[PDB]
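These are the residues of each chain, in order.
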Amino acid sequence: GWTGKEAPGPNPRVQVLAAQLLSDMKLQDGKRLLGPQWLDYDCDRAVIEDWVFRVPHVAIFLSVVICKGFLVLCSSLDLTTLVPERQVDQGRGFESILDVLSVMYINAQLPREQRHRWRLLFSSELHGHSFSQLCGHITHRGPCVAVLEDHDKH
Amino acid sequence: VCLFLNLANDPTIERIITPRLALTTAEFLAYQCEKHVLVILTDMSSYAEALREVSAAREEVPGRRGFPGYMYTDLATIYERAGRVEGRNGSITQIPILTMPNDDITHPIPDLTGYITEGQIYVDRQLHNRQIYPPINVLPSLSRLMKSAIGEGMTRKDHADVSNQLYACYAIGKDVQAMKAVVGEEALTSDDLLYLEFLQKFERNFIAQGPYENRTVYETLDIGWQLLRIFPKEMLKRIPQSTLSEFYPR
């Protein structure tokens, strides 16, 4: 259900996700990639080998580009806990703020026990633009992820 | 603007002939000079205090509550000099302004001016005591000719459905706060507080105006439409779907 709409042109959430993984790229100097001198580092096997150790998703994403088109069914991975299941009630045409690379980002930092199903609790374009509806739909429903987008696309 | 002032220290007979100067000027500007005239007759209750004072001088008979017998045909001598005519391109609109004594609507000046005219506005006291301007009570206010003033060609095609939906979510909101004071605060469900979020935002964004803020009709409905988005789409049942699918989502 998480079909985040691709943009004609480049998807802007592919771009800002990919540079996040390169923030954990700790060069041997101890100082992070800062300024326009971040393009010219002789990054040998000494420095990429902790990057695949620190970042789990660059180790995860290679196991789904290879082992899903090639269709090896014996694979002992979990795809229920990588991408959650979008549970909205039917009948209501509802697009979300968050596309699939974003909901694969927030789902990584949750507890592991909850990562399989994201159910709709409140949304401003379906349940009104009221705080009395917000406080009535999200009270007493367990742990939930509030996510909002202002006028400046933040 | 022509301004016919008439003070309280001025004689009592000049107050009788004042609303017949203001209409003879109006029946000239619209039915001979082809203008759209609006007549404002401030404190028409003091007209009926002078018409009682003139008639008592002639030792005449008093009718209901001291006012003369001929007061129903003497208020209609003023009010029925209005309306559009055939042939001329002018019209006269009248807004008389009264004072109900001790807030009793059953007084003969409001009871007989509601027999000849076509609505009320009801400036309310309970909205003035909570510092709202203009304190207009929309629950007893009416205009019997609203259907021939709005719609396509006049204002916009969503006017007749925004208006009687705001009137329904202000009517329910006045019931919730009337009932929540008598039964208690913990009986409100989550849909029930929503008719109180409207009621507070209706009295601050729609009824509160400020005495020099001139809104056109296109920015009263665009104020009114962002107040109907407080509710979800399934709860607006006074509004049809063919106009909900054009104006509601933003």
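For this deposited structure, the header cites cryo-EM as the method used and 3.73 Å as the resolution.

Per the PDB entry, chain B goes by the name V-type proton ATPase subunit B, brain isoform and belongs to Bos taurus. According to the PDB record, the title of this entry is "The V1 region of bovine V-ATPase in complex with human mEAK7 (focused refinement)".

Chain A is annotated in the PDB entry as KIAA1609 protein, isoform CRA_a from Homo sapiens.

(A) Fine view of the overall build of chain B. Broken down by element type, chain B carries 8 helices and 4 strands. Ordering the α and β elements of chain B from the N terminus gives α-β-α-α-β-α-β-β-α-α-α-α. Principal-axis analysis of the C-alpha atoms gives chain B an extent of 65 × 50 × 30 Å. Evaluated residue by residue, chain B yields a buried proportion of 34% over its 250 residues. Surface accessibility of chain B: about 15,800 Å² in total, with carbon and sulfur atoms responsible for 53%. With 26 positive and 32 negative side-chain charges, chain B shows a spacing of 3 Å between the two charge centroids.

(B) Focus on the interface of chain A and chain B. Listed by partner, the interface residues are 10 residues for chain A and 10 residues for chain B. At the boundary of chain A with chain B, total buried surface from both sides reaches about 760 Å², with 46% on carbon and sulfur atoms. Ranking the residues of chain A by area buried against chain B places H129, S132 and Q133 of chain A at the top, with a combined share of 51%. Residue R92 of chain A pairs with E234 of chain B through a salt bridge whose shortest N-O separation is 3.1 Å. Across the contact surface, chain A and chain B share 5 residue pairs in polar contact. Class assignment of the residues belonging to the side of chain A that touches chain B gives a composition of 2 nonpolar, 7 polar and 1 charged.

(C) Just the side chain of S130 of chain A, in detail. The topology assignment puts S130 of chain A in the loop between β2 (117-119) and α7 (131-137). Note on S130 of chain A: relative accessible area 5%, which makes it buried. For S130 of chain A, the side chain forms a polar contact with the side chain of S132 of chain A, separated by 2.7 Å. Looking at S130 of chain A, its side chain comes within polar contact range of the main-chain nitrogen of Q133 of chain A, at 3.3 Å. Apart from residues no more than four positions distant in its own chain, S130 of chain A is found in contact with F122 of chain A together with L194, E197 and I230 of chain B.

(D) Here's a closer look at the packing of helix α2 (residues 45-57) of chain B against helix α3 (residues 71-79) of chain B. Residues and elements named next belong to chain B. Two elements in contact, α2 and α3, have axes whose closest approach is 12 Å; the angle formed by their N-to-C orientations is 130°. On the basis of their axis angle, the class for α2 and α3 is oblique. For the element pair α2 and α3, the recorded crossing hand is right-handed. Residue-level inspection shows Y47, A48 and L51 of α2 in contact with α3, the latter providing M71, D74, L75 and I78. Classifying every residue of the contact of α2 with α3 gives 6 nonpolar, no polar and 1 charged.

(E) Quick look at the nonpolar core. All names here are of chain B. Among the nonpolar cores identified, the biggest contains 27 residues, and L166, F198, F202, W225, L228 and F231 are the most heavily contacted of them. Of all the secondary-structure elements, those providing two or more residues to this core are α5 (159-183), α6 (194-205), α7 (218-228) and α8 (241-247). Ranked by residue count, the leading element in this core is α6, at 6 residues. Apart from residues no more than four positions distant in its own chain, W225 is found in contact with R156, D158, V162, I239, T243, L244, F247 and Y248. Formed by 23 residues, the second largest nonpolar core is a distinct cluster that contains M44, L51, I92 and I116.

(F) Main features of helix α1 (residues 14-29) of chain B. With 16 residues, α1 of chain B should reach 22 Å at 1.5 Å per residue; the first-to-last C-alpha distance of 22 Å fits that figure. Against the buried residues of α1 of chain B lie β1 (36-42), α2, α3 and β2 (91-97) of chain B.

Parameters and conventions
- Residues numbered from 1 in each chain as written, not as in the entry; some residues may be left out.
- Chains lettered and ligands numbered in written order.
- Part of a larger assembly, values for the part shown.
- Heavy atoms only, no water.
- Helix = DSSP H or I, 4+ residues; strand = E, 2+ residues; numbered from the N terminus.
- Buried < 20%, exposed > 50% of the residue type's maximum accessible area, 1.4 Å probe, protein only.
- Areas by Shrake-Rupley, 256 points an atom, 1.4 Å probe, with all protein chains shown as cover.
- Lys, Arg positive; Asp, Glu negative; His and termini not counted.
- Charge placed at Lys NZ, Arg CZ, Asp CG, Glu CD.
- Contact = heavy atoms within 4.5 Å.
- Buried area = accessible area lost by both parts, 1.4 Å probe.
- Salt bridge = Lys/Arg side-chain N within 4 Å of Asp/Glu carboxyl O.
- Polar contact = N/O pair within 3.5 Å; in protein donor to acceptor, adjacent residues only side chain to side chain.
- Nonpolar A, V, L, I, M, F, W, Y, C, P; charged D, E, K, R; others polar.
- Axes fitted to C-alpha atoms, helices over the stretch in contact; angles between N-to-C directions.
- Parallel < 35°, antiparallel > 145°, perpendicular 65-115°, else oblique.
- Left-handed = near helix turned anticlockwise from the far one by under 90°.
- Core = buried A, V, L, I, M, F, W, Y, C linked by side-chain atoms within 4.5 Å.
- Expected span 1.5 Å × (residues − 1).

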